[PDB]
file my_file29.tsv (TSV, N, CA and C atoms)
chain	number	residue	atom	x	y	z
A	288	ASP	N	3.12	3.80	-23.23
A	288	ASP	CA	4.25	4.34	-22.48
A	288	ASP	C	3.90	4.62	-21.02
A	289	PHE	N	4.64	4.00	-20.11
A	289	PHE	CA	4.51	4.26	-18.69
A	289	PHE	C	5.82	3.93	-18.01
A	290	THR	N	6.02	4.49	-16.82
A	290	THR	CA	7.17	4.16	-15.99
A	290	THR	C	6.89	2.84	-15.29
A	291	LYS	N	7.76	1.86	-15.49
A	291	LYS	CA	7.54	0.54	-14.92
A	291	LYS	C	7.83	0.52	-13.43
A	292	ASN	N	7.19	-0.42	-12.74
A	292	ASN	CA	7.51	-0.76	-11.36
A	292	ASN	C	7.11	0.32	-10.35
A	293	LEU	N	6.03	1.05	-10.63
A	293	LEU	CA	5.53	2.07	-9.73
A	293	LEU	C	4.40	1.59	-8.83
A	294	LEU	N	3.79	0.44	-9.13
A	294	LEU	CA	2.49	0.07	-8.57
A	294	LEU	C	2.64	-1.04	-7.55
A	295	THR	N	2.06	-0.85	-6.36
A	295	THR	CA	1.99	-1.91	-5.36
A	295	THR	C	0.54	-2.13	-4.96
A	296	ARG	N	0.13	-3.39	-4.94
A	296	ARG	CA	-1.16	-3.75	-4.38
A	296	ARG	C	-0.97	-3.97	-2.89
A	297	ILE	N	-1.82	-3.34	-2.08
A	297	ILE	CA	-1.87	-3.58	-0.64
A	297	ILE	C	-3.09	-4.44	-0.36
A	298	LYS	N	-2.89	-5.55	0.33
A	298	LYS	CA	-3.97	-6.47	0.65
A	298	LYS	C	-4.17	-6.56	2.16
A	299	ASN	N	-5.41	-6.89	2.54
A	299	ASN	CA	-5.83	-7.10	3.93
A	299	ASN	C	-5.96	-5.80	4.71
A	300	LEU	N	-6.28	-4.71	4.02
A	300	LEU	CA	-6.71	-3.50	4.69
A	300	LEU	C	-8.05	-3.74	5.39
A	301	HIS	N	-8.27	-3.00	6.47
A	301	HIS	CA	-9.59	-3.02	7.09
A	301	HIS	C	-10.64	-2.56	6.09
A	302	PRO	N	-11.75	-3.29	5.94
A	302	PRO	CA	-12.69	-2.98	4.84
A	302	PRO	C	-13.36	-1.62	4.95
A	303	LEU	N	-13.39	-1.02	6.14
A	303	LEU	CA	-14.08	0.25	6.31
A	303	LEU	C	-13.12	1.42	6.45
A	304	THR	N	-11.86	1.25	6.02
A	304	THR	CA	-10.87	2.31	6.06
A	304	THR	C	-11.12	3.31	4.92
A	305	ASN	N	-10.22	4.28	4.78
A	305	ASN	CA	-10.33	5.30	3.74
A	305	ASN	C	-8.94	5.69	3.25
A	306	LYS	N	-8.92	6.50	2.19
A	306	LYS	CA	-7.65	6.85	1.56
A	306	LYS	C	-6.74	7.62	2.51
A	307	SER	N	-7.30	8.50	3.34
A	307	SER	CA	-6.48	9.26	4.27
A	307	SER	C	-5.77	8.33	5.26
A	308	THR	N	-6.49	7.35	5.80
A	308	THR	CA	-5.87	6.40	6.72
A	308	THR	C	-4.83	5.56	6.01
A	309	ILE	N	-5.13	5.10	4.79
A	309	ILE	CA	-4.15	4.32	4.04
A	309	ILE	C	-2.88	5.14	3.82
A	310	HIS	N	-3.03	6.41	3.45
A	310	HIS	CA	-1.86	7.27	3.25
A	310	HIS	C	-1.03	7.36	4.53
A	311	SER	N	-1.69	7.61	5.67
A	311	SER	CA	-0.98	7.72	6.93
A	311	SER	C	-0.32	6.41	7.31
A	312	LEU	N	-1.02	5.29	7.11
A	312	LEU	CA	-0.45	3.98	7.43
A	312	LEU	C	0.79	3.71	6.58
A	313	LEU	N	0.68	3.95	5.27
A	313	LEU	CA	1.83	3.74	4.39
A	313	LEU	C	3.01	4.61	4.82
A	314	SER	N	2.76	5.88	5.14
A	314	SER	CA	3.84	6.76	5.57
A	314	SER	C	4.47	6.29	6.87
A	315	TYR	N	3.64	5.86	7.82
A	315	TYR	CA	4.13	5.38	9.10
A	315	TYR	C	5.04	4.17	8.92
A	316	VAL	N	4.59	3.20	8.13
A	316	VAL	CA	5.37	1.99	7.90
A	316	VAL	C	6.64	2.30	7.11
A	317	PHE	N	6.52	3.12	6.06
A	317	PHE	CA	7.66	3.50	5.23
A	317	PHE	C	8.77	4.11	6.07
A	318	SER	N	8.41	4.98	7.03
A	318	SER	CA	9.41	5.66	7.83
A	318	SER	C	10.19	4.71	8.73
A	319	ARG	N	9.61	3.57	9.11
A	319	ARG	CA	10.35	2.56	9.85
A	319	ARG	C	11.27	1.75	8.96
A	320	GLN	N	11.05	1.75	7.64
A	320	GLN	CA	11.87	1.00	6.71
A	320	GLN	C	13.10	1.79	6.26
A	321	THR	N	12.96	3.11	6.11
A	321	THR	CA	14.08	3.94	5.72
A	321	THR	C	13.79	5.38	6.11
A	322	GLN	N	14.86	6.09	6.46
A	322	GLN	CA	14.81	7.53	6.66
A	322	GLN	C	15.49	8.29	5.53
A	323	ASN	N	15.95	7.58	4.50
A	323	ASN	CA	16.69	8.21	3.42
A	323	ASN	C	15.77	8.94	2.44
A	324	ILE	N	14.62	8.36	2.14
A	324	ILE	CA	13.65	8.96	1.23
A	324	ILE	C	12.32	9.12	1.95
A	325	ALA	N	11.54	10.09	1.51
A	325	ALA	CA	10.23	10.35	2.09
A	325	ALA	C	9.18	9.47	1.43
A	326	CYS	N	8.10	9.23	2.16
A	326	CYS	CA	7.01	8.41	1.66
A	326	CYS	C	6.19	9.23	0.68
A	327	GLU	N	6.18	8.83	-0.59
A	327	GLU	CA	5.48	9.58	-1.64
A	327	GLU	C	4.52	8.68	-2.41
A	328	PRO	N	3.41	8.27	-1.79
A	328	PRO	CA	2.38	7.54	-2.52
A	328	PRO	C	1.54	8.55	-3.28
A	329	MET	N	1.87	8.75	-4.55
A	329	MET	CA	1.26	9.85	-5.29
A	329	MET	C	-0.24	9.67	-5.42
A	330	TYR	N	-0.68	8.46	-5.77
A	330	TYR	CA	-2.10	8.17	-5.89
A	330	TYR	C	-2.42	6.87	-5.19
A	331	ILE	N	-3.57	6.85	-4.53
A	331	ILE	CA	-4.09	5.68	-3.85
A	331	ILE	C	-5.42	5.37	-4.50
A	332	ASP	N	-5.50	4.21	-5.16
A	332	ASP	CA	-6.76	3.77	-5.76
A	332	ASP	C	-7.43	2.85	-4.75
A	333	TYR	N	-8.52	3.31	-4.15
A	333	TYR	CA	-9.18	2.55	-3.11
A	333	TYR	C	-10.68	2.83	-3.15
A	334	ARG	N	-11.47	1.77	-3.04
A	334	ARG	CA	-12.92	1.86	-3.01
A	334	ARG	C	-13.40	1.40	-1.64
A	335	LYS	N	-14.28	2.19	-1.02
A	335	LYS	CA	-14.79	1.84	0.30
A	335	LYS	C	-15.40	0.45	0.30
A	336	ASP	N	-15.17	-0.28	1.40
A	336	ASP	CA	-15.64	-1.65	1.60
A	336	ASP	C	-14.90	-2.69	0.78
A	337	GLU	N	-13.73	-2.33	0.25
A	337	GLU	CA	-12.78	-3.30	-0.26
A	337	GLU	C	-11.62	-3.43	0.72
A	338	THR	N	-10.90	-4.54	0.61
A	338	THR	CA	-9.78	-4.82	1.50
A	338	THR	C	-8.44	-4.67	0.78
A	339	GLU	N	-8.44	-4.15	-0.44
A	339	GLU	CA	-7.23	-3.97	-1.22
A	339	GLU	C	-7.20	-2.56	-1.79
A	340	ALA	N	-5.99	-2.07	-2.04
A	340	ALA	CA	-5.78	-0.81	-2.73
A	340	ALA	C	-4.61	-0.97	-3.69
A	341	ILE	N	-4.56	-0.12	-4.71
A	341	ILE	CA	-3.40	-0.04	-5.59
A	341	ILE	C	-2.74	1.32	-5.37
A	342	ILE	N	-1.46	1.31	-5.03
A	342	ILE	CA	-0.70	2.53	-4.78
A	342	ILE	C	0.18	2.81	-5.99
A	343	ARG	N	0.08	4.03	-6.53
A	343	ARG	CA	0.99	4.52	-7.55
A	343	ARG	C	2.03	5.37	-6.83
A	344	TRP	N	3.25	4.84	-6.72
A	344	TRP	CA	4.32	5.53	-6.02
A	344	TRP	C	4.99	6.53	-6.96
A	345	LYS	N	5.68	7.51	-6.36
A	345	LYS	CA	6.35	8.52	-7.17
A	345	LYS	C	7.43	7.90	-8.05
A	346	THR	N	8.21	6.97	-7.50
A	346	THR	CA	9.34	6.36	-8.20
A	346	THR	C	9.40	4.88	-7.89
A	347	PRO	N	10.09	4.09	-8.72
A	347	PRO	CA	10.23	2.65	-8.41
A	347	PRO	C	10.92	2.38	-7.08
A	348	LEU	N	11.84	3.25	-6.67
A	348	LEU	CA	12.49	3.06	-5.38
A	348	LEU	C	11.49	3.13	-4.23
A	349	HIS	N	10.52	4.05	-4.32
A	349	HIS	CA	9.47	4.12	-3.30
A	349	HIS	C	8.66	2.82	-3.26
A	350	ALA	N	8.29	2.31	-4.44
A	350	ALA	CA	7.51	1.07	-4.48
A	350	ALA	C	8.29	-0.09	-3.88
A	351	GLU	N	9.58	-0.19	-4.20
A	351	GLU	CA	10.40	-1.25	-3.63
A	351	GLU	C	10.51	-1.13	-2.11
A	352	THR	N	10.65	0.10	-1.61
A	352	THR	CA	10.71	0.31	-0.17
A	352	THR	C	9.42	-0.15	0.50
A	353	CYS	N	8.28	0.13	-0.13
A	353	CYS	CA	7.00	-0.32	0.39
A	353	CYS	C	6.95	-1.85	0.47
A	354	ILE	N	7.35	-2.53	-0.61
A	354	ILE	CA	7.34	-3.99	-0.61
A	354	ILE	C	8.21	-4.53	0.51
A	355	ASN	N	9.42	-3.98	0.66
A	355	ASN	CA	10.33	-4.46	1.70
A	355	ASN	C	9.76	-4.21	3.09
A	356	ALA	N	9.11	-3.06	3.28
A	356	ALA	CA	8.58	-2.70	4.59
A	356	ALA	C	7.53	-3.71	5.06
A	357	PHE	N	6.57	-4.04	4.21
A	357	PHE	CA	5.53	-4.98	4.63
A	357	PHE	C	6.02	-6.42	4.68
A	358	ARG	N	7.09	-6.75	3.95
A	358	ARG	CA	7.65	-8.09	4.07
A	358	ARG	C	8.35	-8.27	5.41
A	359	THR	N	9.00	-7.23	5.90
A	359	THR	CA	9.80	-7.36	7.11
A	359	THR	C	9.07	-6.92	8.38
A	360	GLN	N	8.00	-6.14	8.27
A	360	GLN	CA	7.22	-5.69	9.42
A	360	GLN	C	5.87	-6.39	9.42
A	361	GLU	N	5.55	-7.06	10.53
A	361	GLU	CA	4.20	-7.58	10.75
A	361	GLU	C	3.27	-6.43	11.09
A	362	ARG	N	2.28	-6.19	10.25
A	362	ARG	CA	1.32	-5.13	10.52
A	362	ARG	C	-0.07	-5.67	10.23
A	363	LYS	N	-1.03	-5.28	11.07
A	363	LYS	CA	-2.43	-5.62	10.87
A	363	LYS	C	-3.25	-4.43	11.31
A	364	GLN	N	-4.15	-3.97	10.44
A	364	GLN	CA	-5.00	-2.85	10.80
A	364	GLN	C	-6.10	-3.35	11.74
A	365	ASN	N	-6.16	-2.78	12.94
A	365	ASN	CA	-7.09	-3.22	13.98
A	365	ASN	C	-8.43	-2.51	13.94
A	366	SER	N	-8.55	-1.43	13.19
A	366	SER	CA	-9.79	-0.69	13.08
A	366	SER	C	-9.71	0.13	11.81
A	367	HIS	N	-10.82	0.76	11.45
A	367	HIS	CA	-10.84	1.49	10.19
A	367	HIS	C	-9.90	2.69	10.19
A	368	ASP	N	-9.52	3.21	11.36
A	368	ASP	CA	-8.68	4.40	11.44
A	368	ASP	C	-7.32	4.11	12.07
A	369	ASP	N	-6.93	2.84	12.12
A	369	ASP	CA	-5.66	2.44	12.71
A	369	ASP	C	-4.52	2.73	11.73
A	370	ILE	N	-3.57	3.57	12.15
A	370	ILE	CA	-2.41	3.95	11.35
A	370	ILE	C	-1.19	3.08	11.66
A	371	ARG	N	-0.93	2.78	12.93
A	371	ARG	CA	0.31	2.07	13.24
A	371	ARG	C	0.17	0.56	13.09
A	372	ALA	N	-1.04	0.03	13.16
A	372	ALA	CA	-1.33	-1.33	12.71
A	372	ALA	C	-0.47	-2.39	13.41
A	373	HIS	N	-0.40	-2.31	14.74
A	373	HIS	CA	0.32	-3.35	15.48
A	373	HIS	C	-0.51	-4.62	15.51
A	374	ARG	N	0.14	-5.75	15.22
A	374	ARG	CA	-0.53	-7.03	15.35
A	374	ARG	C	-0.85	-7.29	16.82
A	375	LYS	N	-2.05	-7.79	17.08
A	375	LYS	CA	-2.47	-8.12	18.43
A	375	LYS	C	-2.59	-9.63	18.57
A	376	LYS	N	-2.16	-10.15	19.72
A	376	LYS	CA	-2.26	-11.58	19.98
A	376	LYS	C	-3.72	-12.01	19.97
A	377	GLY	N	-4.00	-13.09	19.25
A	377	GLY	CA	-5.35	-13.61	19.15
A	377	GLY	C	-6.25	-12.89	18.17
A	378	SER	N	-5.73	-11.94	17.40
A	378	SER	CA	-6.53	-11.19	16.44
A	378	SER	C	-6.82	-12.05	15.21
A	379	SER	N	-8.08	-12.02	14.75
A	379	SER	CA	-8.47	-12.74	13.55
A	379	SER	C	-8.17	-11.96	12.27
A	380	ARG	N	-7.58	-10.79	12.38
A	380	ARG	CA	-7.24	-10.01	11.21
A	380	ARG	C	-5.99	-10.59	10.54
A	381	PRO	N	-5.93	-10.59	9.21
A	381	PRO	CA	-4.72	-11.06	8.52
A	381	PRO	C	-3.66	-9.97	8.45
A	382	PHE	N	-2.43	-10.40	8.14
A	382	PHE	CA	-1.34	-9.45	8.00
A	382	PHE	C	-1.45	-8.66	6.70
A	383	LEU	N	-1.17	-7.36	6.79
A	383	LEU	CA	-1.04	-6.54	5.59
A	383	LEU	C	0.07	-7.08	4.69
A	384	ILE	N	-0.20	-7.12	3.39
A	384	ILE	CA	0.70	-7.62	2.36
A	384	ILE	C	0.82	-6.57	1.27
A	385	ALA	N	2.02	-6.38	0.74
A	385	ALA	CA	2.23	-5.52	-0.42
A	385	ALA	C	2.92	-6.31	-1.52
A	386	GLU	N	2.41	-6.20	-2.74
A	386	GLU	CA	2.94	-6.91	-3.89
A	386	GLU	C	3.13	-5.94	-5.05
A	387	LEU	N	4.25	-6.07	-5.75
A	387	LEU	CA	4.49	-5.27	-6.94
A	387	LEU	C	3.62	-5.78	-8.07
A	388	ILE	N	2.94	-4.87	-8.76
A	388	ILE	CA	2.10	-5.22	-9.90
A	388	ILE	C	2.96	-5.15	-11.15
A	389	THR	N	2.97	-6.23	-11.93
A	389	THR	CA	3.85	-6.34	-13.09
A	389	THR	C	3.08	-6.95	-14.25
A	390	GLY	N	3.80	-7.21	-15.34
A	390	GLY	CA	3.24	-7.96	-16.45
A	390	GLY	C	2.00	-7.32	-17.04
A	391	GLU	N	1.05	-8.17	-17.43
A	391	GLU	CA	-0.15	-7.68	-18.09
A	391	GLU	C	-1.03	-6.86	-17.16
A	392	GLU	N	-1.05	-7.19	-15.86
A	392	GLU	CA	-1.86	-6.40	-14.94
A	392	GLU	C	-1.36	-4.97	-14.84
A	393	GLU	N	-0.03	-4.79	-14.85
A	393	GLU	CA	0.54	-3.45	-14.86
A	393	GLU	C	0.20	-2.73	-16.16
A	394	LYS	N	0.32	-3.41	-17.30
A	394	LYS	CA	-0.06	-2.79	-18.56
A	394	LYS	C	-1.51	-2.35	-18.54
A	395	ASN	N	-2.39	-3.20	-17.98
A	395	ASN	CA	-3.81	-2.88	-17.98
A	395	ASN	C	-4.14	-1.73	-17.03
A	396	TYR	N	-3.41	-1.59	-15.92
A	396	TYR	CA	-3.61	-0.44	-15.05
A	396	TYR	C	-3.45	0.86	-15.83
A	397	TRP	N	-2.35	0.97	-16.57
A	397	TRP	CA	-2.08	2.19	-17.31
A	397	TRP	C	-3.01	2.35	-18.50
A	398	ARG	N	-3.38	1.24	-19.15
A	398	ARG	CA	-4.35	1.29	-20.24
A	398	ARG	C	-5.70	1.78	-19.74
A	399	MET	N	-6.16	1.25	-18.60
A	399	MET	CA	-7.45	1.67	-18.06
A	399	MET	C	-7.41	3.11	-17.55
A	400	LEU	N	-6.28	3.52	-16.98
A	400	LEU	CA	-6.13	4.92	-16.57
A	400	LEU	C	-6.29	5.85	-17.76
A	401	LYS	N	-5.78	5.46	-18.92
A	401	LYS	CA	-5.83	6.29	-20.12
A	401	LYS	C	-7.10	6.08	-20.95
A	402	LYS	N	-7.98	5.16	-20.55
A	402	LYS	CA	-9.19	4.89	-21.30
A	402	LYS	C	-10.12	6.11	-21.31

call {"tool": "encode", "arguments": {"input": "my_file29.tsv", "output": "C-alpha cells"}}
result
Amino acid sequence: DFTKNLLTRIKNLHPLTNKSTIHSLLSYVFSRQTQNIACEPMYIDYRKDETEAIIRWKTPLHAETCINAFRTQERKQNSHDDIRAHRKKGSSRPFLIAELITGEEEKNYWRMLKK
C-alpha cells in the first residue's frame, strides 16, 4: 500500500550539490510554474557525487507540477550551490530533467523504503 504518483526522478543535477540546494532549486522552479500551491518536496533521496535524486512529493499534484515545470523551463545547475539554474550560452552542462517514477520502479521504491 502506497499513494501512487508521488515520486519524481530529477536528472542532471550538479554532482557536488546537496539536499538543501536541491530543495531550494525545486522550490524556486516550482514557484515559477504555479503560485496556487506551495512547493512541498517532503523527502529528497540524494547521495553526494550522484547527478540524480528521487523526490517524494506531498501529493500527486505537487509531483505533476514539478514535471511540468522542468519540461517547460530550461534549467541547468551551474555550480554545486546554484539555486536558480539559468542556462548559460556555451555551457557543457545538460538540462535538468524531471520524470515521474511509475510501474515496477515505483513499487520497488516503496518496498525498499519498508525493507

call {"tool": "select_by_dssp", "arguments": {"input": "my_file29.tsv", "residues": "chain A", "states": "helix (DSSP H, G or I)", "output": "tab-separated table (two decimals) with N, CA and C atoms, keeping the file's coordinate frame"}}
result
chain	number	residue	atom	x	y	z
A	306	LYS	N	-8.92	6.50	2.19
A	306	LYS	CA	-7.65	6.85	1.56
A	306	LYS	C	-6.74	7.62	2.51
A	307	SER	N	-7.30	8.50	3.34
A	307	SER	CA	-6.48	9.26	4.27
A	307	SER	C	-5.77	8.33	5.26
A	308	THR	N	-6.49	7.35	5.80
A	308	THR	CA	-5.87	6.40	6.72
A	308	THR	C	-4.83	5.56	6.01
A	309	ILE	N	-5.13	5.10	4.79
A	309	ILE	CA	-4.15	4.32	4.04
A	309	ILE	C	-2.88	5.14	3.82
A	310	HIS	N	-3.03	6.41	3.45
A	310	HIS	CA	-1.86	7.27	3.25
A	310	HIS	C	-1.03	7.36	4.53
A	311	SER	N	-1.69	7.61	5.67
A	311	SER	CA	-0.98	7.72	6.93
A	311	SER	C	-0.32	6.41	7.31
A	312	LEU	N	-1.02	5.29	7.11
A	312	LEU	CA	-0.45	3.98	7.43
A	312	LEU	C	0.79	3.71	6.58
A	313	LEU	N	0.68	3.95	5.27
A	313	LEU	CA	1.83	3.74	4.39
A	313	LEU	C	3.01	4.61	4.82
A	314	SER	N	2.76	5.88	5.14
A	314	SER	CA	3.84	6.76	5.57
A	314	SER	C	4.47	6.29	6.87
A	315	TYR	N	3.64	5.86	7.82
A	315	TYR	CA	4.13	5.38	9.10
A	315	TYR	C	5.04	4.17	8.92
A	316	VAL	N	4.59	3.20	8.13
A	316	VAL	CA	5.37	1.99	7.90
A	316	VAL	C	6.64	2.30	7.11
A	317	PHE	N	6.52	3.12	6.06
A	317	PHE	CA	7.66	3.50	5.23
A	317	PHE	C	8.77	4.11	6.07
A	318	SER	N	8.41	4.98	7.03
A	318	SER	CA	9.41	5.66	7.83
A	318	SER	C	10.19	4.71	8.73
A	319	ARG	N	9.61	3.57	9.11
A	319	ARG	CA	10.35	2.56	9.85
A	319	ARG	C	11.27	1.75	8.96
A	320	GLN	N	11.05	1.75	7.64
A	320	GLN	CA	11.87	1.00	6.71
A	320	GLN	C	13.10	1.79	6.26
A	347	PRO	N	10.09	4.09	-8.72
A	347	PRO	CA	10.23	2.65	-8.41
A	347	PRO	C	10.92	2.38	-7.08
A	348	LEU	N	11.84	3.25	-6.67
A	348	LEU	CA	12.49	3.06	-5.38
A	348	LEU	C	11.49	3.13	-4.23
A	349	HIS	N	10.52	4.05	-4.32
A	349	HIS	CA	9.47	4.12	-3.30
A	349	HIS	C	8.66	2.82	-3.26
A	350	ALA	N	8.29	2.31	-4.44
A	350	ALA	CA	7.51	1.07	-4.48
A	350	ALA	C	8.29	-0.09	-3.88
A	351	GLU	N	9.58	-0.19	-4.20
A	351	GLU	CA	10.40	-1.25	-3.63
A	351	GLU	C	10.51	-1.13	-2.11
A	352	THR	N	10.65	0.10	-1.61
A	352	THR	CA	10.71	0.31	-0.17
A	352	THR	C	9.42	-0.15	0.50
A	353	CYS	N	8.28	0.13	-0.13
A	353	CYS	CA	7.00	-0.32	0.39
A	353	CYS	C	6.95	-1.85	0.47
A	354	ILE	N	7.35	-2.53	-0.61
A	354	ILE	CA	7.34	-3.99	-0.61
A	354	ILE	C	8.21	-4.53	0.51
A	355	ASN	N	9.42	-3.98	0.66
A	355	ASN	CA	10.33	-4.46	1.70
A	355	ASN	C	9.76	-4.21	3.09
A	356	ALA	N	9.11	-3.06	3.28
A	356	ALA	CA	8.58	-2.70	4.59
A	356	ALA	C	7.53	-3.71	5.06
A	357	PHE	N	6.57	-4.04	4.21
A	357	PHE	CA	5.53	-4.98	4.63
A	357	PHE	C	6.02	-6.42	4.68
A	358	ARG	N	7.09	-6.75	3.95
A	358	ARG	CA	7.65	-8.09	4.07
A	358	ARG	C	8.35	-8.27	5.41
A	359	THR	N	9.00	-7.23	5.90
A	359	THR	CA	9.80	-7.36	7.11
A	359	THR	C	9.07	-6.92	8.38
A	390	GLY	N	3.80	-7.21	-15.34
A	390	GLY	CA	3.24	-7.96	-16.45
A	390	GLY	C	2.00	-7.32	-17.04
A	391	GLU	N	1.05	-8.17	-17.43
A	391	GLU	CA	-0.15	-7.68	-18.09
A	391	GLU	C	-1.03	-6.86	-17.16
A	392	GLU	N	-1.05	-7.19	-15.86
A	392	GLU	CA	-1.86	-6.40	-14.94
A	392	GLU	C	-1.36	-4.97	-14.84
A	393	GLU	N	-0.03	-4.79	-14.85
A	393	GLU	CA	0.54	-3.45	-14.86
A	393	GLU	C	0.20	-2.73	-16.16
A	394	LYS	N	0.32	-3.41	-17.30
A	394	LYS	CA	-0.06	-2.79	-18.56
A	394	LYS	C	-1.51	-2.35	-18.54
A	395	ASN	N	-2.39	-3.20	-17.98
A	395	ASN	CA	-3.81	-2.88	-17.98
A	395	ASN	C	-4.14	-1.73	-17.03
A	396	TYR	N	-3.41	-1.59	-15.92
A	396	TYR	CA	-3.61	-0.44	-15.05
A	396	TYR	C	-3.45	0.86	-15.83
A	397	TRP	N	-2.35	0.97	-16.57
A	397	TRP	CA	-2.08	2.19	-17.31
A	397	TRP	C	-3.01	2.35	-18.50
A	398	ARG	N	-3.38	1.24	-19.15
A	398	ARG	CA	-4.35	1.29	-20.24
A	398	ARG	C	-5.70	1.78	-19.74
A	399	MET	N	-6.16	1.25	-18.60
A	399	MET	CA	-7.45	1.67	-18.06
A	399	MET	C	-7.41	3.11	-17.55
A	400	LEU	N	-6.28	3.52	-16.98
A	400	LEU	CA	-6.13	4.92	-16.57
A	400	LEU	C	-6.29	5.85	-17.76

call {"tool": "axis_aligned_box", "arguments": {"input": "my_file29.tsv", "around": "range 303-309 of chain A", "padding_each_side": "8 Å", "output": "AutoDock Vina command-line options"}}
result
--center_x -8.5 --center_y 4.1 --center_z 4.1 --size_x 27.2 --size_y 26.3 --size_z 21.2

call {"tool": "atom_distance", "arguments": {"input": "my_file29.tsv", "atom1": "atom N of residue 288 in chain A", "atom2": "atom C of residue 387 in chain A"}}
result
17.9 Å

call {"tool": "residues_around", "arguments": {"input": "my_file29.tsv", "residues": "range 294-308 of chain A", "least_positions_apart": "3", "cutoff": "6.5 Å", "atoms": "all atoms listed in the file", "output": "number ranges by chain"}}
result
A: 291, 311-313, 335-344, 350, 364, 366-370, 381-388

call {"tool": "atom_distance", "arguments": {"input": "my_file29.tsv", "atom1": "atom C of residue 293 in chain A", "atom2": "atom N of residue 373 in chain A"}}
result
24.4 Å

call {"tool": "closest_residue", "arguments": {"input": "my_file29.tsv", "among": "A:362, A:356, A:398, A:345", "to": "residue 317 in chain A", "atoms": "all atoms listed in the file"}}
result
A:356

call {"tool": "closest_residue", "arguments": {"input": "my_file29.tsv", "among": "A:328, A:289, A:322, A:361", "to": "residue 349 in chain A", "atoms": "only N, CA and C atoms"}}
result
A:328

call {"tool": "atom_distance", "arguments": {"input": "my_file29.tsv", "atom1": "CA of residue 395 in chain A", "atom2": "CA of residue 290 in chain A"}}
result
13.2 Å

call {"tool": "select_by_dssp", "arguments": {"input": "my_file29.tsv", "residues": "chain A", "states": "strand (DSSP E)", "output": "MDAnalysis selection string"}}
result
chainID A and resid 294:298 328:332 339:344 384:387

call {"tool": "decode", "arguments": {"input": "my_file29.tsv", "residues": "range 302-332 of chain A", "atoms": "C-alpha atoms", "output": "PDB file, in the first residue's frame"}}
result
ATOM      1  CA  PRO A 302      27.336  16.121  -8.921  1.00  0.00           C
ATOM      2  CA  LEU A 303      28.652  18.059  -5.914  1.00  0.00           C
ATOM      3  CA  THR A 304      25.318  19.576  -4.824  1.00  0.00           C
ATOM      4  CA  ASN A 305      23.421  18.716  -1.626  1.00  0.00           C
ATOM      5  CA  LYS A 306      19.874  18.185  -0.383  1.00  0.00           C
ATOM      6  CA  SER A 307      19.500  21.778   0.836  1.00  0.00           C
ATOM      7  CA  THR A 308      20.392  23.172  -2.591  1.00  0.00           C
ATOM      8  CA  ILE A 309      18.108  20.666  -4.327  1.00  0.00           C
ATOM      9  CA  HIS A 310      15.254  21.714  -2.038  1.00  0.00           C
ATOM     10  CA  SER A 311      15.839  25.404  -2.785  1.00  0.00           C
ATOM     11  CA  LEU A 312      16.173  24.751  -6.522  1.00  0.00           C
ATOM     12  CA  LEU A 313      12.945  22.737  -6.619  1.00  0.00           C
ATOM     13  CA  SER A 314      11.101  25.450  -4.672  1.00  0.00           C
ATOM     14  CA  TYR A 315      12.473  28.199  -6.925  1.00  0.00           C
ATOM     15  CA  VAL A 316      11.427  26.394 -10.113  1.00  0.00           C
ATOM     16  CA  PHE A 317       8.056  25.299  -8.674  1.00  0.00           C
ATOM     17  CA  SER A 318       7.145  28.894  -7.814  1.00  0.00           C
ATOM     18  CA  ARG A 319       7.611  29.938 -11.460  1.00  0.00           C
ATOM     19  CA  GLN A 320       5.244  27.137 -12.539  1.00  0.00           C
ATOM     20  CA  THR A 321       2.378  27.973 -10.179  1.00  0.00           C
ATOM     21  CA  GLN A 322       1.506  30.256  -7.290  1.00  0.00           C
ATOM     22  CA  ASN A 323      -1.598  28.237  -6.367  1.00  0.00           C
ATOM     23  CA  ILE A 324       0.162  25.569  -4.279  1.00  0.00           C
ATOM     24  CA  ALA A 325       3.364  25.676  -2.256  1.00  0.00           C
ATOM     25  CA  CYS A 326       6.415  23.586  -3.052  1.00  0.00           C
ATOM     26  CA  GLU A 327       6.305  20.572  -0.712  1.00  0.00           C
ATOM     27  CA  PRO A 328       9.086  18.093  -1.517  1.00  0.00           C
ATOM     28  CA  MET A 329       8.620  16.060   1.633  1.00  0.00           C
ATOM     29  CA  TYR A 330      11.689  13.866   1.160  1.00  0.00           C
ATOM     30  CA  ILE A 331      14.703  14.179  -1.107  1.00  0.00           C
ATOM     31  CA  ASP A 332      16.674  10.978  -1.656  1.00  0.00           C
TER      32      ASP A 332
END
